[PDB]
Protein chains: 2
Amino acid sequence: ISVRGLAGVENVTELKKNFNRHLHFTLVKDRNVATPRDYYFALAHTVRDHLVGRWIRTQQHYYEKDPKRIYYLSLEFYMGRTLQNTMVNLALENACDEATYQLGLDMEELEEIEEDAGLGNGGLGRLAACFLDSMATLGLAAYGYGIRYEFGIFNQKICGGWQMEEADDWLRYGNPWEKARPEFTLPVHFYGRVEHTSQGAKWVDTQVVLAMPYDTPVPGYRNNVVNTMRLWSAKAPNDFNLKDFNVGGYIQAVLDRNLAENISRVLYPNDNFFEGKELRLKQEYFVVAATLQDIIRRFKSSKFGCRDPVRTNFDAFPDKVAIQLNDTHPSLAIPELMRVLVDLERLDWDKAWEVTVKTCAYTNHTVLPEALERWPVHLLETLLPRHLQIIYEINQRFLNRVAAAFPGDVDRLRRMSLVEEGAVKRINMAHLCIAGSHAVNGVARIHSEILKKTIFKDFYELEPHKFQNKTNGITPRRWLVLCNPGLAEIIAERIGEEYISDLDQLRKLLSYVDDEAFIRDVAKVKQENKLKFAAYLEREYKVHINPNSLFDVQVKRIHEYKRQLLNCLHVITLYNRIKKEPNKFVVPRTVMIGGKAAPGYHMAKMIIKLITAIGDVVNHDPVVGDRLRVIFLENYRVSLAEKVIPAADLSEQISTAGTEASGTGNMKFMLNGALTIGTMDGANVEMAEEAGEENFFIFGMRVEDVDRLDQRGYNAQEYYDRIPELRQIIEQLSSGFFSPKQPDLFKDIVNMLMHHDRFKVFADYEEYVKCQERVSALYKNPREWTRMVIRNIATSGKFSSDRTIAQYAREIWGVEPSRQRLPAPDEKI
Amino acid sequence: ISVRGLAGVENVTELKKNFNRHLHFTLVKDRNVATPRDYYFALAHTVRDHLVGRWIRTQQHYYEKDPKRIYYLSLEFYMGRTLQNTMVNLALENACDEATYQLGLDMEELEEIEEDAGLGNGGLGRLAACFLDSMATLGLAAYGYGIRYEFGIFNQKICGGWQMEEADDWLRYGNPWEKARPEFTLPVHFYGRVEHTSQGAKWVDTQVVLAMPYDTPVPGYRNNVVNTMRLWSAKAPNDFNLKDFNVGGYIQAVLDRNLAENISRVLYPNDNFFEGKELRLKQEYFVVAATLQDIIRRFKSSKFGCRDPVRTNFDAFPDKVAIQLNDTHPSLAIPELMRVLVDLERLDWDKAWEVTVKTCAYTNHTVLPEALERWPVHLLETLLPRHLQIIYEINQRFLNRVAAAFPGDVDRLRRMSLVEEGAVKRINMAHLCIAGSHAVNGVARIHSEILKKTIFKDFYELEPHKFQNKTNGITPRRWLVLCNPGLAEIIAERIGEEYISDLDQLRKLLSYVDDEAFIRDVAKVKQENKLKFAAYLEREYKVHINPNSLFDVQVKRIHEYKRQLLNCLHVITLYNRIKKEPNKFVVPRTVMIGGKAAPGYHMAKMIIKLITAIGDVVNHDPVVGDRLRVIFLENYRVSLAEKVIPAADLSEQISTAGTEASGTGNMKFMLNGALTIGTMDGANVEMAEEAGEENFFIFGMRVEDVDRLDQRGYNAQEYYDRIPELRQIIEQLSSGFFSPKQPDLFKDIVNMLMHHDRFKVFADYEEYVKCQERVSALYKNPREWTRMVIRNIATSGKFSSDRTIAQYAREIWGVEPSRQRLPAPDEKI
Ligand SMILES: CC[n+]1c(C)c(C(=O)OC(C)C)c(-c2ccccc2Cl)c(C(=O)O)c1C(=O)O
Ligand SMILES: CC[n+]1c(C)c(C(=O)OC(C)C)c(-c2ccccc2Cl)c(C(=O)O)c1C(=O)O
Ligand SMILES: *Cc1c(COP(=O)(O)O)cnc(C)c1O
Ligand SMILES: *Cc1c(COP(=O)(O)O)cnc(C)c1O
């Protein structure tokens with residue numbers, strides 16, 4: 001593969017030299033007693049050395065030049081592994097592959113030893129990761145800020161068909177990529193009270209937790225740019241902690257240091273669901289306070305403390321600082337920036353607010369109400385007394401604006417208020433973000449329009465100019481060149497390598513739909529990947545699948561709105577039809593469903609159980625043979641995504657129209673040569689637009705159809721009474737067919753489907769099964785299946801995070817992207 | 001246009017010479033006083049002379065060679081005009097075009113003077129016409145037999161928006177193509193009684209009507225074959241009529257001769273509907289008796305009366321005779337052939353039956369029950385006493401077979417009996433045909449399967465080997481080269497002319513989907529035809545349409561099962577949407593609906609009235625402008641079909657799944673460059689299969705969906721309650737919106753739709769409108785619309801009647817087709 005770079009004789013000897021150096025000096029080992037993990041670490045370190053030169057010069061470059069800086073504040077950074085990604089972006093893969101081979105080592109075996117930096121739940125967490133890669137690739141002075149969780153998203157094990165959670169101890173043997181910067185440690189204050197003195201307010205009597213920053217290098221694609229991901233780690237105060245004059249014992253007081261450090265211990269596993277847990281609120285404030293202090297320091301250090309003429313001011317703050325809020329998670333950045341500016345820097349309220357709004361921008365990722373953050377005011381009053389006061393003042397003045405804008409419209413005031421009334425008063429974080437931001441974007445065209453028409457309609461009416469769209473993207477480096485070198489190889493053979501960082505160029509492939517060689521290659525590459533995945537599944541899990549079958553795959557967090565249940569209905573349909581007519585030929589299929597369920601999300605765990613329950617019957621029916629196989633892939637994480645996606649034929653994106661804001665996995669599948677069967681939801685719409693609906697497999701209700709159904713009332717019983725194939729399945733579930741020793745096992749799934757389905761699974765069942773029929777018809781003809789695949793890959797260009805980021809930069813941040821190769825080669829001399 | 005043949009200098013002078021000869025000697029006129037009609041007649045005669053040589057040698061050829069003969073018995077022969085068709089098949093078009101131009105005449109103006117030989121109602125009548133053209137083209141010894149109606153299908157005029165019927169007096173100024181053969185006149189017997197004497201039965205005391213045969217030449221495509229269409233004309237008996245010893249007056253008795261001759265006076269205008277009128281039964285027997293006598297005579301004349309050794313026998317009758325029944329119209333041919341063979345030729349019943357079944361074959365054209373012939377036995381007993389006795393004996397023995405085949409199955413006997421019991425005993429003609437035929441075919445794959453699964457299931461179980469499929473075809477000569485020379489021109493420029501009589505060759509055009517010249521030409525040709533049709537409509541009817549708009553056309557006999565009403569709903573939908581959002585761009589459309597309604601079919605005439613009522617509002621709304629136009633084309637006949645079809649963009653084929661047996665107009669549209677929007681019914685299914693569903697516009701319920709609906713019960717109110725756009729239309733109709741001065745005018749249409757719709761118009765409304773939306777999206781892009789047109793034309797090859805006929809020949813008739821050019825050039829020397 002030529003996209004993997006050069007394996008020069010000198011660079012290779014140098015790599016082996018440095019590999020051996022690290023094994024000896026850094027691992028204190030020798031060939032005779034080193035373990036595979038020692039080898040992976042020796043290689044990782046050797047690779048990291050190549051980043052330091054660029055890493056330092058990049059930061060110096062921004063310091064010298066003083067460009068506006070972009071701050072991506074997120075509570076998640078689903079980075080996955082770093083080794084291969086670092087090699088790819090620096091062009092060291094073939095050289096390192098050669099060097100490790102000369103050393104009698106298999107580089108791919110070593111890559112598998114590395115633990116995923118799984119600090120995310122799903123979509124927005126991984127969006128942050130792709131975004132970092134793109135901002136670096138685009139030469140933007142961008143900095144990622146988050147929490148250095150000790151434990152990321154739990155590792156999922158399946159035991160007896162059920163999901164089992166295990167602590168994701170990814171820091172166990174260390175992390176060779178991060179570098180702590182003790183000198184940048186900062187104090188984060190909690191609790192206390194507020195005392196309004198002579199001139200202003202003061203937040204006093206607080207408990208302190210220190211935030212120690214750990215830097216991780218973010219390398220752009222072969223442009224000598226290395227940006228930084230700064231994650232905060234919580235530490236007990238060296239000072240006051242034990243000096244609290246406590247009489248509970250010296251030992252207990254020391255052990256008690258655990259309490260404060262628990263703030264950065266584990267990522268909350270809630271995908272699209274808000275749980276008002278205080279530890280969570282602490283984590284959110286933790287990242288905001290530290291991050292903002294760091295930003296302000298960096299802002300002050302451009303000799304802006306040296307503003308003698310006119311006097312030191314923060315007027316230029318918005319021209320030098322951009323803070324992007326990934327969801328409302330870091331929303332406290334609004335009141336925090338105001339607290340700092342008014343309480344500590346003594347700016348007048350009005351000027352401080354103008355600066356705050358000009359600095360921040362919020363991004364929404366869902367419309368589901370249970371996903372939005374509404375913190376009880378008592379929780380905010382106890383833990384962040386000063387912040388709640390500022391939120392109230394922000395609200396008062398915002399509602400004064402609304403009032404003057406819409407005189408007499410009382411209910412609008414009630415609806416738009418940051419303060420939610422009721423048994424438990426709460427603060428709507430989304431409203432706080434809209435009020436304190438200059439831009440509010442959605443993550444897909446359809447999503448951005450719904451925001452303006454529904455949940456943020458009132459805000460859209462008050463400030464139309466504020467709302468935007470920034471359709472999600474995925475990075476072509478991790479998501480193509482990294483995970484699918486075979487496909488990137490053949491593409492490169494025809495159109496060169498320019499596309500890796502200019503994905504629209506993939507369109508040139510439309511000139512090959514009838515090219516006989518290309519149709520063969522694209523098919524061989526997919527068959528190779530499918531062959532590869534089958535091997536991984538047999539060795540890592542002793543599974544075994546039919547490589548000569550259609551790989552139907554649905555991988556994403558388990559949710560009701562994602563409708564893995566619909567897919568279940570379809571799989572049982574395929575089973576019943578085969579049982580009905582055994583001698584009737586059907587296109588062989590390997591249905592793969594994967595994803596983690598949030599602990600405590602009962603329905604989600606019941607669904608994972610059904611998927612394996614179905615497999616237990618289907619997978620062992622002799623009549624069925626290898627014509628159908630239902631397999632649940634455990635521990636779906638970024639690393640598995642990079643393996644299964646490149647092997648997929650059909651990409652399941654069947655969420656109820658209007659629920660999935662955009663999705664990004666759908667984009668990953670398109671980029672890798674899989675055809676999509678999905679609703680007109682999220683980015684699926686733009687994906688179909690780009691490739692052409694004739695090249696897609698759209699089905700089911702459209703948003704207006706869902707709304708019409710809601711208007712008259714959804715009645716699952718109707719669908720059950722009118723569809724005999726559906727009725728047969730439901731009766732199979734309810735009678736114990738898929739749970740012999742526990743007949744009533746899935747009675748909750750049945751009950752929900754029949755009486756409490758907010759996602760109308762039944763209403764889309766018929767059109768979905770027929771659509772799948774079409775999928776198999778096409779698969780029956782390899783040449784046309786492939787040619788259509790070509791038309792999708794050829795049009796996935798717009799879904800590259802480079803494009804997304806370029807729009808944020810120009811339309812929200814106010815900075816111009818670049819692709820100019822930074823000089824920084826490495827400081828060897 | 002090169003497909004029009006050579007215009008040699010000599011052939012042209014010869015034509016002008018002969019043209020002038022006829023004008024003088026045959027029309028007894030001179031240039032100074034001839035009328036346009038004189039000119040058309042002079043040309044027609046000149047052209048007919050060219051057929052005589054081949055005409056005589058062909059008949060001599062069959063006489064000498066003695067091949068098995070194929071007899072196509074039909075009560076209809078929708079021939080349309082003959083002039084251009086004769087020129088095309090003889091290659092005289094350009095020569096005649098040149099010659100008439102030299103004579104200062106416009107040949108196309110002369111062609112318009114010719115009257116349609118409109119002896120058919122629709123589908124099966126025109127199928128017979130295409131079939132004749134193909135059998136000649138295939139060098140088969142085939143003979144067409146029917147009635148020479150004085151008045152064909154009434155000419156439709158629209159007066160005040162309503163249909164008005166006028167006698168179609170097509171023989172008014174004579175018919176230059178036919179040639180009467182008095183010497184072949186034969187007696188047809190009616191009424192009387194039966195007397196069972198010593199040896200056998202005798203049909204005595206009958207009233208006689210004579211059948212005088214008129215021959216019309218059927219020229220094959222440039223292969224020097226000219227077959228014959230022999231139509232019978234009814235004449236009063238020269239003898240007994242006035243010699244009936246009547247005392248009602250000499251004058252009255254002479255005037256009374258009209259009564260018997262009324263048998264061939266007018267074609268019954270019932271498309272797919274059975275009316276038990278005795279005059280109709282007489283017409284049916286009339287054709288059968290005469291035709292069979294002629295066949296038997298011809299059979300006897302191969303020196304088969306000279307069968308000295310062994311004795312004269314009819315054993316070889318099936319090896320020399322094939323009688324194809326176009327529907328059950330000529331079904332009496334079964335008992336007639338038996339009557340002749342047993343009563344007159346004295347064959348034993350058993351041998352006579354074996355011969356009859358081996359000779360005949362029946363073709364079904366519909367499953368609608370109201371269309372099937374069930375003649376009361378009293379009508380059959382009074383008018384054809386001997387035939388009813390034979391039908392009873394046929395039935396007795398057939399039911400004896402069924403009984404021995406399915407012992408104990410009494411209800412099967414009742415179901416399969418030729419005799420239908422009830423208040424009025426009747427005879428099921430379809431059952432008679434199945435029982436007395438060796439082959440029973442359907443006219444489309446889906447149609448032929450339904451026959452075996454539903455109405456003729458019992459018969460299919462008794463004799464599976466008997467049932468077949470013969471998917472309809474259309475002739476590429478009349479239906480392409482004749483009506484669309486521009487399209488045939490461009491096609492010929494790329495692939496030659498071989499396709500005109502080998503349509504599968506059109507596939508070669510798939511090699512031009514990306515050919516820039518071809519995409520331009522196909523589009524220019526369609527634009528030319530649309531330009532041409534617009535001119536015909538402005539001069540012949542002073543209509544005026546927008547040539548720069550999508551030509552949406554639905555032309556076929558007006559019926560409820562054809563759902564011109566659905567199209568109506570859609571047209572009003574397009575109107576209401578425009579009214580709703582005036583400034584919203586819509587693809588301009590010219591909706592054209594045409595077809596005749598059977599007199600007395602109330603609903604059909606109400607529908608024609610609504611189509612013009614809608615036009616009266618739509619066509620005069622200024623807001624609407626030239627964005628939409630609803631136009632009803634009056635007097636839809638073969639001649640209009642040849643003009644409007646080549647100008648069509650979209651072909652409406654929206655019948656309820658399972659009702660339209662095959663259709664052939666759908667095929668005409670495909671062949672001429674129009675895309676099809678239609679249900680999965682009839683031939684639409686095979687058409688979509690051939691071109692590819694991605695190249696088609698299929699929508700609505702499938703046969704099983706209709707059946708599921710029937711199973712639970714169709715309730716139009718549901719659709720009305722759930723679809724607000726539908727509800728708005730229905731209320732427009734019911735409130736008098738489309739009938740101001742007569743608010744309750746369409747209350748019958750509304751009532752039927754809401755409560756008595758056997759064709760579920762509402763159930764297909766939503767999917768139909770959305771499908772149309774797709775149609776317009778494609779039309780918005782000329783290049784892709786055309787490229788898809790190319791993919792349809794390229795795949796219409798299987799719908800050529802040459803293919804259909806070749807299957808009848810080989811699979812039913814037992815004869816091998818040919819394309820060998822007959823020698824017959826013309827007897828000039
Ligand atoms: C004084 C300007 N900066 C610069 C040239 C840096 C550098 O050389 O970093 C290299 C070791 C990777 C860098 C920096 C500064 C001090 C301690 C640790 C780091 Cl990491 C930063 C930062 O805030 O992280 C800079 C900034 O801007 O304030
Ligand atoms: C004796 C054999 N046939 C033959 C060569 C024909 C002929 O020369 O026809 C030409 C004038 C067009 C033709 C025929 C015979 C007698 C009167 C009129 C015709 Cl039209 C037919 C027929 O039945 O019509 C023949 C037949 O077979 O019996
Ligand atoms: C890309 C990604 C997601 C998001 O997938 P969707 O199907 O868009 O919800 C979730 N998890 C992982 C590990 C991912 O790589
Ligand atoms: C071909 C033809 C028909 C049959 O059309 P369908 O739409 O198949 O019912 C009817 N009338 C005329 C004049 C025809 O040319």
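Hydrogens, waters and symmetry mates are skipped; everything else that's a heavy atom, side chains included, is used. Proteins come first, then strands; the chains are lettered A, B, ... in the order of their sequence lines, and each starts at number 1.
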Query raised in the report: Step by step, would you call B:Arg426 with B:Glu421 a salt bridge (charged side-chain N to carboxylate O under 4.0 Å, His left out)?
Result: CA-CA 7 Å; B:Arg426 329 192 148 239; B:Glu421 284 301 350; over 6 Å; no
**Report entry** Evaluation steps, side-chain hydrogen bond (donor to acceptor under 3.5 Å, both in side chains), between B:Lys798 and B:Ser800
**Finding:** CA-CA 6 Å; B:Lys798 127 136 180 196; B:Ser800 148; over 6 Å; no
Query raised in the report: Should B:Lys453 and B:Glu449 be marked as a salt bridge (charged side-chain N to carboxylate O under 4.0 Å, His left out) after you check the CA-CA gap, both sets of side-chain angles, and the distance that decides it?
Result: CA-CA 6 Å; B:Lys453 295 182 291 131; B:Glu449 275 311 312; over 6 Å; no
Query raised in the report: What's the verdict on salt bridge (charged side-chain N to carboxylate O under 4.0 Å, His left out) for B:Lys425 and B:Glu420, showing C-alpha distance, side-chain angles and the deciding distance?
Result: CA-CA 6 Å; B:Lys425 215 201 245 203; B:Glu420 190 170 304; over 6 Å; no
Report task. Could you walk me through whether B:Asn224 and B:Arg54 pass side-chain hydrogen bond (donor to acceptor under 3.5 Å, both in side chains), step by step? Result -> CA-CA 6 Å; B:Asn224 300 320; B:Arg54 289 134 166 141; 2.9 Å; yes
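For the residue pair B:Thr471 and B:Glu686, a side-chain donor N or O sits within less than 3.5 Å of a side-chain acceptor on the partner. Side-chain contact annotation: B:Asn121 with B:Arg557, donor-acceptor N/O pair under 3.5 Å present. Under the 3.5 Å distance criterion, with hydrogens and angles disregarded, a donor-acceptor pair is assigned to the side chains of B:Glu373 and B:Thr328. Side-chain atoms of B:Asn272 and B:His365 include no donor-acceptor pair closer than 3.5 Å. For the residue pair B:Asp294 and B:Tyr145, a side-chain donor N or O sits within less than 3.5 Å of a side-chain acceptor on the partner. Counted by atom type alone, B:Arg69 and B:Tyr143 present one or more donor-acceptor pairs between their side chains at under 3.5 Å. Side-chain atoms of B:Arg386 and B:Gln389 include a donor-acceptor pair closer than 3.5 Å.
A donor-acceptor pair under 3.5 Å links the side-chain atoms of B:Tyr62 to the main chain of B:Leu140, judged by distance alone. A side-chain donor-acceptor contact under 3.5 Å links B:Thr804 to the backbone of B:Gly473.
For the pair B:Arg412 and B:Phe406, the distance from NZ or CZ to the six-membered ring centre is under 6.0 Å and the angle to the ring normal is within 45 degrees. Both tests hold for B:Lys320 against B:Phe304: distance to the six-membered ring centre under 6.0 Å, angle to the ring axis within 45°.
You'll find the ring centres of B:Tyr808 and B:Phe131 inside the 6.0 Å limit. Ring pair B:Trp203/B:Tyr191: centre-to-centre distance not below 6.0 Å. The aromatic ring centroids of B:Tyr285 and B:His189 lie 6.0 Å or more from each other.
Between B:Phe398 and B:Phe459, the two ring planes are parallel [angle under 30°; tilted spans 30° to 60°].
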